[PDB]
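Visitor: Kindly return the folded structure for what I paste below:
(one chain, ligands or ions: 1)
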Amino acid sequence: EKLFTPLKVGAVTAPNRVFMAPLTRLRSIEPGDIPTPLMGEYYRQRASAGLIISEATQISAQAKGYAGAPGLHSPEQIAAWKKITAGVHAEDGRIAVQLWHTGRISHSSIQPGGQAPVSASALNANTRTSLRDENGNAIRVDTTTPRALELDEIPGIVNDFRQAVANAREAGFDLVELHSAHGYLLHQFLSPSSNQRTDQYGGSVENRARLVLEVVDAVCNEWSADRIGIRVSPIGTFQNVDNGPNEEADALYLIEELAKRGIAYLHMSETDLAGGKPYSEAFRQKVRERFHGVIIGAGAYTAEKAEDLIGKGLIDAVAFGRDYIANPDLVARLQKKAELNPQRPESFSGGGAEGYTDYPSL
Ligand SMILES: Cc1cc2nc3c(=O)[nH]c(=O)nc-3n(C[C@H](O)[C@H](O)[C@H](O)COP(=O)(O)O)c2cc1C
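Guide: Residues are numbered from 1 along each chain as shown. Okay, here it is:
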């Protein structure tokens, strides 16, 4: 077994390869999109993970697409996250913040000024996001048609990622993960399905990847390349965003570009919850030969699949999502071959302590 052996992940050393995937739980305070001590307790419970990757966190108020998702743009958010990271560190854990802009997976009612959310192009996501009703409970609501960003707005978006990274470093995170997956803003630019622009940010794969690579360069400059990871979902369809008619070649282009920056890790979200065709081993080999940082695999993994792919030299670590919701001590359970706690999906999104901090350890 290799899952319980250490791994250098850029600037930090994980004691094992069992990572906590980023999981949106929608329990932040409004007004202010503020993390809470309850969230702190939840993360502290999971500190034995090789690496915790936080729930997706707004780089700016405009970035918001979900009621209850936290930000990392305001003083009050910075202060609240500082307490959370301190708690994880007191338990000898490591925690990365996943930073997003939701782009068109959003609703005007939660945007600044009540305005349409932004994207690469003015095309509805044709999906839902999560708002809160009058009692503060999560509700699914159809997405608002976005406004296409003007060319002169792009530097501001890059700066918002840069600023959020400055704030994340201050807040005590060990790493940052850029959310370039699952049909959110960066992926909206990457995908031809959502990007119909005819300027330098659309058309060719070079142009479609331009924004994400500008963001990577800006955040490496703000902090250090060995503090930066990126999550992609570049093969298949996620929240109605496919990866276009040349998905493999386009993915390999992006990955070769990322490699030039010497970033800490590449996190591949391989499938959504409904599943689909597995990655070919040929594709995994092509990725592996092009990227020289850590590769994290995710999407309905088992420990056995993770061991197989680590043993084949194709990935370095695995991120578990739902098993981490339900098992604060997932590392010990996988090490001991213990049963896993029964998941309660009704409390994944929104609410309070129930279904959040009340899953027991062994
Ligand atoms: C409730 C829930 C929230 C999620 N939130 C995020 C998120 O904030 N960021 C992200 O990149 N993926 C998110 N995902 C996807 C998970 O990180 C993970 O890739 C997915 O659940 C599949 O892995 P699993 O089979 O181990 O759960 C979420 C998944 C679930 C079920």
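Visitor: Give me every residue in this protein that's in contact range of the ligand.
Guide: When proximity is defined as C-beta under 6 Å from any ligand atom, the chain approaches the ligand at 21-24, 55-56, 98, 179, 181-182, 231, 269, 298-301, 320-323, 348. For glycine as for every other residue, the C-beta is placed from the backbone atoms N, C-alpha and C.
Visitor: So which of these belong to helices?
Guide: Assignment to helices by DSSP state H places the following of the residues of the chain next to the ligand there: 322, 323.
Visitor: So which elements touch the strand or helix carrying residue 177?
Guide: Element membership of residue 177 [criterion: DSSP states H and E] is strand 175-180. In terms of contacts (3 or more C-beta pairs under 8 Å, 6 or more residues apart in numbering; DSSP states H and E), strand 175-180 is packed against strand 95-100, helix 154-170, helix 185-190, helix 210-222, strand 228-232.
Visitor: Mind jotting down where the strands sit in the stretch 201-350 of the chain?
Guide: With DSSP state E, counting those that start in this stretch as the criterion, the stretch 201-350 of the chain has strands at 228-232, 265-269, 294-298, 317-320.
Visitor: Indicate which one of the ones you listed is closest to residue 205.
Guide: strand 228-232 (13.4 Å; C-beta to C-beta).
Visitor: Next, the buried residues of that closest one.
Guide: For strand 228-232, burial by neighbour count (16 or more other C-beta atoms under 10 Å) applies to 228, 229, 230, 231, 232.
Visitor: What lies in contact with it?
Guide: 9-10, 22, 96, 98, 165, 175-181, 187, 212, 216, 219-220, 251, 254, 258, 261, 263-269, 294, 296 (C-beta atoms under 8 Å, 6 or more residues apart in numbering).
Visitor: Distance check, residue 50 against the ligand.
Guide: Relative to the ligand, residue 50 is positioned 14 Å away (criterion: C-beta to the nearest ligand atom, to the nearest Å).
Visitor: beta partners of the residue nearest to that residue when sequence neighbours are not counted?
Guide: The shortest distance from residue 50 to any residue other than its chain neighbours is 3.7 Å, reached at residue 14 (C-beta to C-beta, 6 or more residues apart in numbering). Listed by DSSP bridges, the beta-bridge partners for residue 14 are residue 7.
Visitor: which ones are touching residue 14?
Guide: With C-beta under 8 Å, 6+ apart as the criterion, the residues that contact residue 14 are 6, 7, 8, 50, 51, 94, 317.
Visitor: same thing but at 10 Å, please
Guide: 5-8, 49-51, 93-94, 174, 294, 316-317 (C-beta atoms under 10 Å, 6 or more residues apart in numbering).
Visitor: Number of residues surrounding the closest residue to residue 149 other than its chain neighbours?
Guide: Counting by C-beta to C-beta, 6+ apart, residue 118 is the residue found nearest to residue 149 once chain neighbours are left out, at 5.2 Å. With neighbours defined by other C-beta atoms under 10 Å, the count for residue 118 comes to 23.
Visitor: Which residue is the nearest non-sequential neighbour of the residue of the chain found nearest the ligand?
Guide: With C-beta to the nearest ligand atom as the measure, the residue in the chain that lies nearest the ligand is residue 321; the distance is 2.7 Å. Sequence neighbours aside, residue 21 is the residue nearest to residue 321 in space, at 4.0 Å (criterion: C-beta to C-beta, 6+ apart).
Visitor: give me the number of residues near that neighbour?
Guide: Residue crowding around residue 21 was assessed by other C-beta under 10 Å; the count is 24.
Visitor: That one is in contact with residue 268, isn't it?
Guide: No: counting by C-beta atoms under 10 Å, residue 21 stays clear of residue 268, with 11.5 Å between them.
Visitor: Between these two, which contacts overlap?
Guide: Here residue 21 and residue 268 have 231, 296, 298, 299, 319 as joint contacts, going by C-beta under 10 Å, 6+ apart.
Visitor: Number of residues surrounding the fourth one?
Guide: Neighbouring residues of residue 299 were enumerated by other C-beta under 10 Å; the total is 21.
Visitor: In contact with it, which residues?
Guide: For residue 299, the residues meeting the contact criterion (C-beta under 10 Å, 6+ apart) are 21, 233, 236, 268-273, 275-276, 278-279, 318-321.
Visitor: Selecting buried members of the residues you listed in ChimeraX, what would you type?
Guide: Paste this into ChimeraX to select the buried members of those, with burial taken from 16+ other C-beta under 10 Å:
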select :21,233,236,268,269,270,271,272,279,318,319,320,321
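Visitor: What residues sit buried inside stretch 302-320?
Guide: The neighbour-count check on stretch 302-320 (16+ other C-beta under 10 Å) flags 303, 306, 307, 309, 310, 314, 315, 316, 317, 318, 319, 320 as buried.
Visitor: typo on my end, it should be stretch 319-333
Guide: Within stretch 319-333, the residues that count as buried by 16+ other C-beta under 10 Å are 319-321, 323-331, 333.
Visitor: Save those as a markdown table, and put in distance to residue 37 too.
Guide: Output for the buried residues of stretch 319-333, formatted as a markdown table (distance: C-beta to C-beta, whole Å):
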| residue | distance to residue 37 |
| --- | --- |
| 319 | 25 |
| 320 | 25 |
| 321 | 23 |
| 323 | 25 |
| 324 | 20 |
| 325 | 19 |
| 326 | 21 |
| 327 | 22 |
| 328 | 16 |
| 329 | 21 |
| 330 | 23 |
| 331 | 24 |
| 333 | 26 |
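Visitor: With that, I have no additional questions.
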